[PDB]
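A.B. asks: I need the structure of the sequence given here:
(chains A, B, C, D, E, F, G, H, I and J, ligands or ions: 4)
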Amino acid sequence: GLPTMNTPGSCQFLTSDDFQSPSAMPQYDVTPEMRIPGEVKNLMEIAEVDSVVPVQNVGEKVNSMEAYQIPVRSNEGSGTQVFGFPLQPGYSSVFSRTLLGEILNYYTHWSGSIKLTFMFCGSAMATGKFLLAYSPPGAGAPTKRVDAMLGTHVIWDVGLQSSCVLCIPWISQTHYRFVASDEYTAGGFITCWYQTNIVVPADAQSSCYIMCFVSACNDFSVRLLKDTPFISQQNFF
Amino acid sequence: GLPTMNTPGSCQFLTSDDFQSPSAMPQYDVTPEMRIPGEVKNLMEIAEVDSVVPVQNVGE
Amino acid sequence: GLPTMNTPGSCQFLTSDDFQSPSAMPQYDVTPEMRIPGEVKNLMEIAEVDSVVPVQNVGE
Amino acid sequence: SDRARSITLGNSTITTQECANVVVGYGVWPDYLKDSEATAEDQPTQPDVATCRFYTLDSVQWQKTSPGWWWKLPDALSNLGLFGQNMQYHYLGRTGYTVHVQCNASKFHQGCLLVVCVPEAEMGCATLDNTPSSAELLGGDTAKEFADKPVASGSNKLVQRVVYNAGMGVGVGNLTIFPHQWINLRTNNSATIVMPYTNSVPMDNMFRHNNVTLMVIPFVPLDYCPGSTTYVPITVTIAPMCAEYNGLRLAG
Amino acid sequence: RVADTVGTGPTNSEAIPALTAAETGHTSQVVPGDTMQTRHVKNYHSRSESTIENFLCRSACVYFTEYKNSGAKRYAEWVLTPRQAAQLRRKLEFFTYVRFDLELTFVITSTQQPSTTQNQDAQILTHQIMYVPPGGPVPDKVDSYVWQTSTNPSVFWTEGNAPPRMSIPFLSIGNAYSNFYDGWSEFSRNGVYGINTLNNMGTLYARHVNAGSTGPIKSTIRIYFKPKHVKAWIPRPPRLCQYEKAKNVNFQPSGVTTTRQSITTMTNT
Amino acid sequence: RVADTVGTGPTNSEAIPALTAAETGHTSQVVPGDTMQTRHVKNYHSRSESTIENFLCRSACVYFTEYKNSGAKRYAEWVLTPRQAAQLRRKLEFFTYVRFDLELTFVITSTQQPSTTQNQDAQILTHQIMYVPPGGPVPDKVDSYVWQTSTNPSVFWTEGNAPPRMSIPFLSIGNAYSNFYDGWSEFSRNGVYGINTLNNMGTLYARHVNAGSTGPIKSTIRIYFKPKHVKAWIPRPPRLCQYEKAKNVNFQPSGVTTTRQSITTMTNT
Amino acid sequence: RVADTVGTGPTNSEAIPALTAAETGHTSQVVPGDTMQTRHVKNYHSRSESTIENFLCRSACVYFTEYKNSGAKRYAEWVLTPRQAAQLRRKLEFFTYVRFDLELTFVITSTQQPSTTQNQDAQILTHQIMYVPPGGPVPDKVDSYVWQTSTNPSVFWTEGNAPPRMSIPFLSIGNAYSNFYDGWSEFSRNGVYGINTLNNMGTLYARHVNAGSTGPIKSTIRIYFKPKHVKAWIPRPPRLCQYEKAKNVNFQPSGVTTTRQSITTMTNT
Amino acid sequence: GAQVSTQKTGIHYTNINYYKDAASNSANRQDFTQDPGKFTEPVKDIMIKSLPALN
Amino acid sequence: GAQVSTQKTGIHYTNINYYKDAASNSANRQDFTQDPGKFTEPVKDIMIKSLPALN
Amino acid sequence: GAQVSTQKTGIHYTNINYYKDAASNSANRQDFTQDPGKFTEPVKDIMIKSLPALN
Ligand SMILES: O=C(O)c1ccc(NS(=O)(=O)c2ccc(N3C(=O)c4ccccc4C3=O)cc2)cc1
Ligand SMILES: *C(=O)CCCCCCCCCCCCC
Ligand SMILES: *C(=O)CCCCCCCCCCCCC
Ligand SMILES: *C(=O)CCCCCCCCCCCCC
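C.D. replies: Residues are numbered from 1 along each chain as shown, chains lettered A, B, ... in the order given. Ligands and ions are numbered 1, 2, ... in the order given. And now the structure:
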């Protein structure tokens, strides 16, 4: 016949290969398709959807709904911190089990902007202002309000419209950052402070909560598939 | 020769496969066909034919 | 299938060979290039550069 | 202006003064089955305005400690009106829904609810080698309630109900990929979702498959000071959309 | 795919893109130029690794069974499901309904078993793997008439060759496979719950076609599933708990996340 | 293929499609819209799996024989018929006359046999399978002159390679093979009944070409038939009884169906 | 490529091509015809062997590890770097920044280990090599759930076949790999120096998929890297000293050159 | 001399014949013609449904 | 009957289908259409950023 | 979609790409462009041989 020669990689099973293989059932006609609502064609469709972030998660809070709630209250003075967590989804305790964060433990690399939304869930007599800050890395976390207003920030005023978005720009030396912890591809720190006290009248609760959401922007992308560390087994089920 | 590479499923015998294989008798001419009544080309031809149903079938 | 025949040099690993082989990561898009100064495309570029010669080299 | 809404289906009309828009499904509005997707060869029954109209279910109190509630959709309307009398005489049917959840409280109250319509919400059992009974999953217009503590494992046909796993073994804060709205008491008093028919078959029997489950879950507890109203109800109202039925037989 | 950043200068306007109402059930479409001054960036990034036909289209080991050329356990039986093994199962359960074609690939290995047999001398082993569609005869022994394979798909494989593979169509009676079923198959609503016949796709049998040696050899067959030509509908939250059973969604209650020291701390515990 | 349902409204007419006479030997052409109100359905179903060249075109094991590299039974003899094995035979006997080309495929395996031979050390086995058309010399021993194969088709196969295969034309002297023959070959109408020479297609011989080992090895050859290019005429009722013999249609009387409790019961026994 | 010599006659001119200033940091462009009488020569020589995509595009052994089918060391772990082995490493360090695609090729061999096991009789070995991208589960034993390979690239190879190979893209987060890093990853400038995450490209695992024999077999896997599609920037002086460590540039001080007797001697010592 | 034909779908493939015998060719899978009217309705007179079978 | 398509780059390749079933073909890797607007913005009224979400 | 290119000689060959990734292609051997003027003569002022380097 036709003289041929085999090359390295013949008679191997590579799990990522695409080759054609004969059907075991030939001339089998499959059932028609129907239009089912909500077809998914990309996983960045469903990473652009808001998901409640468990900011609190200190001891026994993860075994309750108190994880999702962020305390804020009427206190003396202002310029006290409300929360702080580091930017690094798919590593951080805060972000690893969010909807964004679990489409990001299947990938090694990530790029793009992330938008946090906050929703004030006090009474309609409560009012206040917050400073929602993001600091690039290289100087540690800000420990005062005056240190935190030197970074990117938004001042949020609560009225009608009970949410505000802090969009986190992409500021990185590299085009991608590792999903896993590395100090070369450090993300920075996201902190919140009282710009002004929570002020309430009599007969309205002086303790209120904030809920946080996280989603990707439209410039976001992920790269390089890998197994997730979050599912295990000891035997077949 | 021409560089080639083998893929999974080489040197297997799949019972449903369609491949060409050389004839053991080459240049053998087969007998002519005749028209025989009642050629069957599909089995749904012969499932569309009435057949007596044994509705009773209780013991003997 | 198509009758083929293998020649000497099949199932060898020659270290100088150029053949195509499937990627283990398919549809992976690589990072963009940037212009970095001083690209090298030949080693005779960098053999045409003066280099101090150690003419003396007698003992210590 | 943007906060006023009116929805008219059959006899019924709903009107709200505080509204967060209407969420529509996956961007698909309810429609009748096409003749290029149909399998069943009989002529459908389409009752129209005798099935497709709002039905109020029983109210349930929101307390300072409340974990949440769920209703499984075709089997929460199964005893109500002629909706309930067409699904026991027919083998098949398909319908979308408009779910409207109401909860009004003063401007001195606070709290937040998540209102989700979850396709095929299959729920675990407290005992790991049993599956739940149908008397632990299905109400009939009475709400089933979640728990805040794990259900102990006996020799149970009980559901494993915990708010934070949502009774399905998933994070409860990730239920926001399903069509949803929030009722935050300082903003709005109602939530409207319009579900289309979601299934992998064009019609299905409705007395052994529940293709949607409504869940109302507090994320921020109800809180108020002494002197305020201490009883705040949550009412659920559900209207069929484009109901069809096929396969007429005897009742059962 | 990825969109280009657009430059923006100072603002002072009645526009309020940052303020929103998240009660509406709508994810805000705010981009970075809204809240701050940005430069114009050209992006050449792509979203080609996060296609559903990249995510699910890699071979994954679903099961493995053992069988011997002597004594009991002469053949292996397995009902095809992608739910015995955690990793593949979790990926498919990002969706409620999926539709795909399989490609089965089998890695069959053999291991000599300890014995006091003198003068063992194996011949090459040939293995038969037989796919039996739902219903029809089931082999009850090695050397039954069911291994004739007159109309059941079957492959034969001699050792030291490439793994067998075969493609399977989409075999559902429905218009998609369902990964979740919130119902009973019985009209009484009794019996097993979450059991449905949309995901049937037969049983697999495997045996030795010869005992080559006088001594005992035990083989292990590993089955790999690779979805292809995938379509998926209705996304779901990922599984948070460990799986317990292959037919149930049953779980042990698990905390939302791992803990940390304070709500201001920048490290995990 | 499958036809589309057509919508129908109420009737009250002198038409009577439901009433018929079944004495005429004609199957009624009534469709569902005749007897009831129907909707219009588009059908996209096909009848492509029920073609005769799908039904009969899968490999099926017809026979297997054994032979050894020592002692008696040095070779295997088999007269080619598809009537030794039940499953293939039943499928072909949905028809009276069939015409097809074969594809033979051979799965040859070897197994070490127990002995007290010290220091066995097999070389690779090579096997020869020889097809002998009707008439002509028959080997009477391993190492006869008939295995020269000067004009008999033959294949040689070394172990650990792909199964051999070869195509055979349609070899009948008639214009179709017959699966039934209601006559005698003798003009006296004596002798064997149902025996005909339209289905002759030689004999198959198989041996080892070397005894590789000093110890005894026994091989098993399995023959697979795959019809292709099929044409079939005159359909027949399926076989209801178990087969007894390969040359006869002889049977043990069997009941029509399995029983049940009553003529109103909705379960089987 | 190579340029042609041009003929020249006598000169006596105010031109001074031979005289130059080498303080300017410019290499003189003097050709032989400048300083002497030359003939015209046609050159047909080429510079095609000194392309960067010839110099670096040959397979080079980077590492080898061993693992056994019994006892301890059931699998082999290796973090992919081209810096364990001297020869490949030196060639890449003619440049500061390089960008290329790998082709991995594996030469896997097995050797019987001495034992007092009677009646050994190996079956063919099958090996699994599993590439794990940075992060994600790491096998801690042979027979963990990580060898499922649901989303990790993996190959399986049976003995006596061609070496496996696979291509790897350019996997850097940077726009080129760096062979030198003059910094710390920490902002404090503490910890390890010269450590960077631009050159991460996972870990490789290798095991036996079966123990074929009753006796012990030890395998050795050798990994070969072949750069291809290369681009390189900023050339550097070659390494003069022997390498000590794979993560450091640390060296023992070495003399400039080897010695000789005098500055007028025409031989080496 | 290649044939290009359509595949079974809910594209196209290429086939070349390599042998000089037409009994060496792959099986004919895509022949879907049928005629049930030989076995159903073998009656000499034309039966019309919506009219008596016997007058 | 060959298809020629572009490769993934920071050229072209050739493919022929060899089988008569369309479930035997290699996986579709290069389909990059997407529409996140079903899961983000499922609201009936059109939301305009730079205007109040609630009047 | 075949490319035909010249061989290294003191004829032509044919190549088809079989894979959908451009990192699967054979090495580029025949790129012979070069520019030594970055590393030799990096000076701002143009040096002319046959004229003083320094006036
Ligand atoms: O290697 C993999 O592909 C592979 C290894 C482990 C695996 N999943 S596991 O949950 O870790 C697991 C771990 C062990 C076994 N297991 C055994 O090791 C074993 C030995 C003998 C009989 C039965 C079994 C058996 O069920 C089954 C599953 C999947 C695949
Ligand atoms: C018509 O047959 C010519 C079309 C191009 C043929 C390509 C042939 C492929 C390789 C040869 C197959 C030869 C089989 C004997
Ligand atoms: C269109 O298909 C014709 C283009 C040229 C075809 C070359 C075919 C290559 C060799 C045959 C592959 C046949 C697979 C059954
Ligand atoms: C352009 O590519 C068409 C030119 C003729 C192609 C002959 C193809 C040779 C055999 C197929 C190689 C296919 C690799 C996937």
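A.B. asks: Spatially nearest residue to the residue in chain A that ligand 1 sits nearest to (excluding sequence neighbours)?
C.D. replies: Of the residues in chain A, the one nearest ligand 1 is residue A:233, at a distance of 3.6 Å by Cβ to the nearest ligand atom. Every residue, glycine included, has its C-beta placed from N, CA and C. Distance criterion Cβ to Cβ, 6 or more residues apart in numbering or on different chains; nearest residue to residue A:233, sequence neighbours excluded, is residue E:86 at 4.5 Å.
A.B. asks: ok, now residue E:57?
C.D. replies: Here the residue nearest residue E:57, using Cβ to Cβ, 6+ apart, is residue I:27, at 4.9 Å.
A.B. asks: Pretty sure the one you found sits in a strand.
C.D. replies: No - according to DSSP: H, G, I helix; E, B strand; the rest coil, residue I:27 belongs to no strand; its state is coil.
A.B. asks: residue nearest the centroid of chain H?
C.D. replies: residue H:33 (2.2 Å; Cα atoms, centre = their mean).
A.B. asks: which ones are touching the closest residue to it other than its chain neighbours?
C.D. replies: Nearest residue to residue H:33, sequence neighbours excluded (Cβ to Cβ, 6+ apart): residue B:41, at 6.0 Å. Taking Cβ atoms under 8 Å, 6 or more residues apart in numbering or on different chains, we find residue B:41 in contact with F:51-52, H:31, H:33-35.
A.B. asks: gap between the closest residue to chain G within chain H and residue B:27?
C.D. replies: Per Cβ to the nearest Cβ, residue H:18 is where chain H lies closest to chain G, at 25.9 Å. Per Cβ to Cβ, to the nearest Å, residue H:18 is found 16 Å from residue B:27.
A.B. asks: Look at these two and report which has more neighbours.
C.D. replies: residue H:18 (14 against 8; other Cβ atoms under 10 Å in any protein chain shown).
A.B. asks: Name whatever forms a beta bridge with residue 12.
C.D. replies: Defaulting to chain A. Following DSSP bridges, residue A:12 is listed with bridge partners residue G:157.
A.B. asks: ah, no, chain H please
C.D. replies: Bridge pairing for residue H:12 - DSSP bridges - gives residue H:6.
A.B. asks: How many residues are close by it?
C.D. replies: 13.
A.B. asks: and residue 21, helix, strand or coil?
C.D. replies: Went with chain A since none was named. From three-state DSSP, the assignment for residue A:21 is coil.
A.B. asks: From chain G, how far off is it?
C.D. replies: Distance check for residue A:21 against chain G: by Cβ to the nearest Cβ, to the nearest Å, it reads 16 Å.
A.B. asks: what does residue E:264 give?
C.D. replies: On the measure of Cβ to the nearest Cβ, residue E:264 and chain G end up 20 Å apart.
A.B. asks: Pull the contacting residues for that residue.
C.D. replies: Applying Cβ under 8 Å, 6+ apart, the residues near residue E:264 are A:81, A:83-84, A:191.
A.B. asks: Residue E:203: which of the residues you listed is nearest?
C.D. replies: Relative to residue E:203, the closest of those is residue A:83; by Cβ to Cβ it sits at 54.3 Å.
A.B. asks: so what strands line up beside the helix or strand containing that closest one?
C.D. replies: According to DSSP states H and E, residue A:83 maps onto strand A:81-86. Paired with strand A:81-86 in the same sheet, following DSSP bridges, are strand A:189-199 (antiparallel).
A.B. asks: Looks to me like the residue of chain A closest to ligand 1 is in a strand.
C.D. replies: No - under three-state DSSP, residue A:233 falls outside any strand and is assigned coil.
A.B. asks: separation between it and residue E:102?
C.D. replies: On the measure of Cβ to Cβ, residue A:233 and residue E:102 end up 22 Å apart.
A.B. asks: Okay, strands next: where are they in chain E?
C.D. replies: If DSSP state E is used as the criterion, the strands of chain E fall at E:19-20, E:60-68, E:75-79, E:95-112, E:126-132, E:154-158, E:165-168, E:177-178, E:203-208, E:217-225, E:228-235.
A.B. asks: what angle sits between the last one and strand E:95-112?
C.D. replies: For strand E:228-235 against strand E:95-112, the angle by axes from the mean of the first three to the mean of the last three Cα atoms, to 10 degrees is 140 degrees.
A.B. asks: Check whether strand E:228-235 comes into contact with chain A.
C.D. replies: Yes - counting by Cβ under 8 Å from any Cβ of the partner chain, chain A has neighbours in strand E:228-235: E:231-235.
A.B. asks: beta partners for the residue nearest in space to the middle of chain D?
C.D. replies: Nearest to the geometric centre of chain D sits residue D:214, at 3.0 Å (Cα atoms, centre = their mean). As for beta bridges, residue D:214 partners with residue D:71, residue D:117 under DSSP bridges.
A.B. asks: Is it correct that it is in contact with residue D:73?
C.D. replies: Yes - with contact defined as Cβ atoms under 8 Å, residue D:214 counts as touching residue D:73 (6.5 Å).
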